[PDB]
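Participant: need coordinates for the following:
(8 chains, ligands or ions: 26)
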Amino acid sequence: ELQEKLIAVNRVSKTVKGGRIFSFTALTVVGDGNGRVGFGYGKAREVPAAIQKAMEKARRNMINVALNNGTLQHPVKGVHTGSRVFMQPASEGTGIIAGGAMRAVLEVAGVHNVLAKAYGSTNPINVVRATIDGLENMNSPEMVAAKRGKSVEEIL
Amino acid sequence: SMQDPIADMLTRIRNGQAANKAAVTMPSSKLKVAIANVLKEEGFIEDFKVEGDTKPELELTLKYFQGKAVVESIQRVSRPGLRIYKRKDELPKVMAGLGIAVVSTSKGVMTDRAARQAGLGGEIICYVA
Amino acid sequence: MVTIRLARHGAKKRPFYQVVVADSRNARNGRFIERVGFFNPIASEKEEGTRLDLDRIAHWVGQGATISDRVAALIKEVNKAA
Amino acid sequence: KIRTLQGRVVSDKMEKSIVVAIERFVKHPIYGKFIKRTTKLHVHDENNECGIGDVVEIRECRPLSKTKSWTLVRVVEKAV
Amino acid sequence: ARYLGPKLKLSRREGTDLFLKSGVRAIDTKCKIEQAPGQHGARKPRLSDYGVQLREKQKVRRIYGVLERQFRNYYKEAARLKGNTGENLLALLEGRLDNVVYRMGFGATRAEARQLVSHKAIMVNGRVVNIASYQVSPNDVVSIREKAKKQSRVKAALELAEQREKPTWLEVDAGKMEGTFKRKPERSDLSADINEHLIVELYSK
Amino acid sequence: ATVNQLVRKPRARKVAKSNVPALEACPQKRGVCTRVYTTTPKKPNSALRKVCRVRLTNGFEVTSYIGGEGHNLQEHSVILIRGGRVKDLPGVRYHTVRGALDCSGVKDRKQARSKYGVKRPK
RNA sequence: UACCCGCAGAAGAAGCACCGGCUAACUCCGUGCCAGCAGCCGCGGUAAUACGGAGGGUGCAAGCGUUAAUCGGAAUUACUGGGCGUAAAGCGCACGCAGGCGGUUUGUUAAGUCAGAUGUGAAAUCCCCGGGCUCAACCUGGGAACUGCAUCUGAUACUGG
RNA sequence: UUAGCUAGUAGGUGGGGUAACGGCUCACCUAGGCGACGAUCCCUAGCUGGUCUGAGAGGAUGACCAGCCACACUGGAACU
Ligand SMILES: [Mg+2]
Ligand SMILES: [Mg+2]
Ligand SMILES: [Mg+2]
Ligand SMILES: [Mg+2]
Ligand SMILES: [Mg+2]
Ligand SMILES: [Mg+2]
Ligand SMILES: [Mg+2]
Ligand SMILES: [Mg+2]
Ligand SMILES: [Mg+2]
Ligand SMILES: [Mg+2]
Ligand SMILES: [Mg+2]
Ligand SMILES: [Mg+2]
Ligand SMILES: [Mg+2]
Ligand SMILES: [Mg+2]
Ligand SMILES: [Mg+2]
Ligand SMILES: [Mg+2]
Ligand SMILES: [Mg+2]
Ligand SMILES: [Mg+2]
Ligand SMILES: [Mg+2]
Ligand SMILES: [Mg+2]
Ligand SMILES: [Mg+2]
Ligand SMILES: [Mg+2]
Ligand SMILES: [Mg+2]
Ligand SMILES: [Mg+2]
Ligand SMILES: [Mg+2]
Ligand SMILES: [Mg+2]
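Facilitator: Residues are numbered from 1 along each chain as shown, chains lettered A, B, ... in the order given. Ligands and ions are numbered 1, 2, ... in the order given. Below is the structure:
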């Protein structure tokens, strides 16, 4: 059921007495096609072992995003330790305007009409963790109704 | 010194909410009474209360939901270094309708949704998100 | 004088003349005090080809503005189509 | 009714002519901070009733001299 | 102003059948549709992002015969109109004239429809249209003219079209060799392999 | 960078210079070759690149790289330079338009022929 | 002349750039730090997917490229929209004129602010509906916009006097 | 990395002149005016409606089209 997209496969190197030791990581996101995402970061000595470990680590510890039909509920800024990022709700049917790793995590996240922009540095790790932060701190109007102690047509 | 009493009020609300206080307190004023009246109306505080005969203390009782804070973010707009007066079509809409923006219009102080339904701009004091 | 005349704004082989209350000593496409109507020469069937605000035109002719040859024939044509 | 302004007075050391510092309040065209810019006008007057610090209401007239085209209509705050 | 190459290279390059040939023969029997075209055609890499948006855009372009600045003007007009952008782009590419002749079945394929239109044979409201990129409107008849009414390839194309499935937003009466564009189609009446957010993302890069 | 600092002293814009100053914003200027001479580039490369030192039309004196595989250029012969920095020759910013006006194209080149000025083969 | 009608024949009508990553597109042969490519990272020292040729393909198409020039990406002059311990960046420290900002209560004024109207923002262009040239480009009708300026008339929360 | 500038110069009164106000031009007097909100000085530039770009605020720019200004081999002067 869960669709998964790899983003990057980097080749880290740890230097030992013999020489270098080439390892491969993997940054794969997974999600249902609606507001349930989990990113995952795996790292192993060979590539498909790393991407399978990344897929397991993403297949658990997922997220719970409440959503509109295919779009967000407000503009959000999200910052995490490399990068602040800004993603914005859109009109119905206008394409996932993002790129790099934001594109993959949002089209897995099942938002389909967004406007995003990556400020600061744009490592795939940093920007997918900041996008996950943005989808976290986004909230539904029923949630804000229950929070503020009003009704949804009283908020309008 | 105390070059912005309204930002003193807003910073006290933000600090008390992010540090899990219950009943925050500040020196009172007429504009602080009006802004706290707006917040008690819309539902970002439980109740406010101004106590004191000559110089009073305004007390704000903060709301909570499942432990977390109720006001997510709150900021100035029209700081005294740079004031922001906005016409009626160029009014904001913070958080796509969810949050509120406090505007002082000619008819007292009111939320920007009421300002749009009364058809006049004013000055944007804060963006209670 | 100020005249009511015709400026040819169009393309090759297919003109379109807009009438203007303009000065005499200006260009054809040049400045004008007031723009009143138009006359499409190759305007087709079932549609409107010529449109002149005779209120403003007679107001300017009272105000001393003269006429042109073609727009004289056109004003006669509009008041005949009445 | 008449389009008339009001500004202070810098000096009156020459005769039958004062200079008026109209401080009009303008929006800044980019940053939005309402800065002030004081424009000086050589203002004509008879019998020299004004001096430094006066607050004069002025209107525009035919040009009385090379750089002087404004005459006054009433005078408030004569002293300091 | 066309592509005059081997059509099964396009069909085999995308992989899906582009409806590029008639249907008397099975197109999987006609070409070796399993492998990719060229020499290295038994290789299938993990297709990149520029690759996947380019493949969706080129699948649409080589289905409908539309070149690049024509497609870019269709995208600019589609994003300019009201409503959904991909819905409007498929609406304009469906409101092309030779697509209407292919849906009404007067020509065999879309390229034969282009030759039939371009060789002065289609009457929209009784008027000769010499152009394959005419835009058709709702409540509009479209008919074959009298010097083209006798051509055997039109009734062969008609028997092939009524062997195929029918489009539902049109009215056809092939005993007169005519029909009418009843309403502008929806997104739902078309095919579902033609995706749209990839095209609007590639032309909003 | 407060707004008072901005109106007291404005936010200075980011201007920068063109890397081909001798062309005077003309896409091709015509030079007369004074010298034609070889130079070995800067490490880690090793070849003998051919730089023709030309005097331009507007009095400027610049060297300019010669493209293609082989050439025919001498001195006393007008050529066109077209800009574009060759990376590995230190201090040469221009190419010669191969095909243009005295410098004919490469011998028996079949591909990329527009870039080097060679007619179609039959 | 636009346009319409008749004639005879697939005849008279396809090229350019690229294929190591960025960037869609891979194999052989000729070279051997030579010849050369290069927009950046770098290629070439005897198996070169990076140079030259062939085959194949990809992209544009009556155009394709290389150069020049602007903007974007450049949040890389940041008002919207940056930063200052160590990355470039807090004057050596204080006093202080101009300037900037100014606690709180009332009253007035209404300058800034907001709101309605009036005048105006030439037409063309841009945009929204529409009409025509068989379609489009193009031509064109009506409309708002013309983010302003000024005048009159209000309102008094904020800021100012 | 231009801080001083200005002698008809800032103003007054009288005369003259101009289609018209005005140091426009003179006689006489006052000693002023401009300047860190950039005077003076140097270098570049026709300006605007717009055009290109930009999501927007802006940046660049002023080809065709339209308005305004200036010039008609260079430097002047007046007539009709
Ligand atoms: Mg960066
Ligand atoms: Mg074409
Ligand atoms: Mg749409
Ligand atoms: Mg090539
Ligand atoms: Mg590739
Ligand atoms: Mg090459
Ligand atoms: Mg070796
Ligand atoms: Mg070899
Ligand atoms: Mg290459
Ligand atoms: Mg910028
Ligand atoms: Mg650049
Ligand atoms: Mg920085
Ligand atoms: Mg250091
Ligand atoms: Mg340092
Ligand atoms: Mg210190
Ligand atoms: Mg101090
Ligand atoms: Mg105060
Ligand atoms: Mg007022
Ligand atoms: Mg206009
Ligand atoms: Mg039409
Ligand atoms: Mg007040
Ligand atoms: Mg006199
Ligand atoms: Mg006199
Ligand atoms: Mg930008
Ligand atoms: Mg002259
Ligand atoms: Mg002369």
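
Participant: near RNA strand H, which residues of chain A are found?
Facilitator: Counting by C-beta under 7 Å from any atom of the strand, chain A comes close to RNA strand H at no residue. The C-beta positions use only the backbone N, C-alpha and C, and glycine is treated the same way.

Participant: and with 10 Å instead?
Facilitator: Chain A comes close to RNA strand H at residues A:86, A:88, A:97, A:115, A:117, as judged by C-beta under 10 Å from any atom of the strand.

Participant: out of those residues, which one sits closest to RNA strand G?
Facilitator: Lowest distance from RNA strand G to those (C-beta to the nearest atom of the strand) belongs to residue A:86, with 6.4 Å.

Participant: which strand residues bridge that closest one?
Facilitator: Listed by DSSP bridges, the beta-bridge partners for residue A:86 are residue A:77, residue A:117.

Participant: how much space separates it from residue A:105?
Facilitator: For residue A:86, the distance to residue A:105 (C-beta to C-beta, to the nearest Å) stands at 15 Å.

Participant: these two: which is more packed in?
Facilitator: residue A:105 (29 against 16; other C-beta atoms under 10 Å in any protein chain shown).

Participant: helix/strand/coil for the more buried one?
Facilitator: helix (DSSP: H, G, I helix; E, B strand; the rest coil).

Participant: how near is it to chain E?
Facilitator: 14 Å (C-beta to the nearest C-beta, to the nearest Å).

Participant: contacting residues around the host helix or strand of residue E:52?
Facilitator: Take DSSP states H and E as the rule and residue E:52 turns out to sit in helix E:49-64. With C-beta atoms under 8 Å, 6 or more residues apart in numbering or on different chains as the test, helix E:49-64 has contacts from A:103, E:3, E:10, E:14, E:16, E:18-19, E:47, E:67-68, E:71, E:93, E:96, E:99, E:110, E:194-195, E:198-199, E:201-203.

Participant: let's see it at 7 Å
Facilitator: E:10, E:14, E:16, E:18, E:71, E:93, E:96, E:99, E:194-195, E:198-199, E:201-202 (C-beta atoms under 7 Å, 6 or more residues apart in numbering or on different chains).

Participant: check chain C for its longest helix and report it.
Facilitator: helix C:69-81 (DSSP state H).

Participant: just chain F next, same as before
Facilitator: Max-length helix for chain F by DSSP H is helix F:3-8.

Participant: OK, contacts around the one residue in chain B that gets nearest to chain D?
Facilitator: Closest approach between chain B and chain D, counting by C-beta to the nearest C-beta: residue B:82, at 5.1 Å. Residues in contact with residue B:82 (C-beta under 7 Å, 6+ apart) are D:32, D:33, F:3.

Participant: filter the residues you listed to the buried ones?
Facilitator: If you count burial by 16 or more other C-beta atoms under 10 Å in any protein chain shown, the buried members of the contacts of residue B:82 come out as residue F:3.

Participant: which stretches of chain C form strands?
Facilitator: C:2-8, C:17-23, C:34-39, C:50-51 (DSSP state E).

Participant: CA atoms of the first one as PDB?
Facilitator: As requested, the backbone C-alpha atoms of strand C:2-8 are provided in PDB (Å, rounded to 0.1, in the frame of the first residue of the first chain):
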ATOM      1  CA  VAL C   2     -10.600  71.400 -34.300                       C
ATOM      2  CA  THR C   3     -12.000  68.900 -36.700                       C
ATOM      3  CA  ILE C   4     -13.900  65.600 -36.400                       C
ATOM      4  CA  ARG C   5     -11.900  63.200 -38.700                       C
ATOM      5  CA  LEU C   6     -10.800  59.700 -39.200                       C
ATOM      6  CA  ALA C   7      -7.600  58.000 -38.100                       C
ATOM      7  CA  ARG C   8      -6.600  54.700 -39.900                       C
END
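
Participant: that one packs against which elements?
Facilitator: strand C:17-23, helix C:69-81 (3 or more C-beta pairs under 7 Å, 6 or more residues apart in numbering or on different chains; DSSP states H and E).

Participant: could I get the strands of chain C as TSV with distance to residue A:72?
Facilitator: Listed next are the strands of chain C as TSV, based on distance: least, C-beta to C-beta, whole Å:
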stretch	distance to residue A:72
strand C:2-8	53
strand C:17-23	50
strand C:34-39	49
strand C:50-51	51
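
Participant: quick one: contacts for the residue of chain A found nearest chain F?
Facilitator: Per C-beta to the nearest C-beta, residue A:119 is where chain A lies closest to chain F, at 17.7 Å. With contact set as C-beta under 7 Å, 6+ apart, residue A:119 has these partners: A:83, A:84, A:85, A:86.

Participant: so which of those wins on neighbours?
Facilitator: Highest neighbour count within the contacts of residue A:119, by other C-beta under 10 Å: residue A:85, with 26 neighbours.

Participant: find the nearest non-adjacent residue to it, please.
Facilitator: Distances taken as C-beta to C-beta, 6 or more residues apart in numbering or on different chains put residue A:130 closest to residue A:85, at 4.6 Å, once the chain neighbours are dropped.

Participant: assign that neighbour to helix, strand or coil.
Facilitator: Secondary structure state of residue A:130, per three-state DSSP, is helix.

Participant: what about the helices and strands packed on strand C:2-8, which gets the closest to ligand 3?
Facilitator: Nearest to ligand 3, of all the helices and strands packed on strand C:2-8, is strand C:17-23, at 36.0 Å by C-beta to the ion.

Participant: from chain B, how far out is the residue positioned nearest the centre of chain E?
Facilitator: Centroid-nearest residue in chain E, with C-alpha atoms, centre = their mean: residue E:64, separated by 3.6 Å. From residue E:64 across to chain B, the span is 38 Å (C-beta to the nearest C-beta).

Participant: so what sits opposite the nearest residue to residue C:17 once chain neighbours are set aside in the bridge?
Facilitator: Spatial nearest neighbour of residue C:17, excluding adjacent residues (C-beta to C-beta, 6+ apart): residue C:6 at 4.0 Å. Beta-bridge partners recorded for residue C:6 (DSSP bridges): residue C:19.

Participant: burial measure for residue 27, as a count.
Facilitator: Chain wasn't specified; assuming chain A. Residue A:27: 27 surrounding residues under other C-beta under 10 Å.

Participant: was after chain D, sorry
Facilitator: Residue neighbour count, defined by other C-beta under 10 Å, stands at 11 for residue D:27.

Participant: near chain E, which residues of chain D show up?
Facilitator: Applying the criterion C-beta under 7 Å from any C-beta of the partner chain, no portion of chain D neighbours chain E.

Participant: where do the strands of chain D begin and end?
Facilitator: Remark: strands assigned in chain D by DSSP E are D:5-11, D:17-25, D:36-44, D:55-60, D:68-76.
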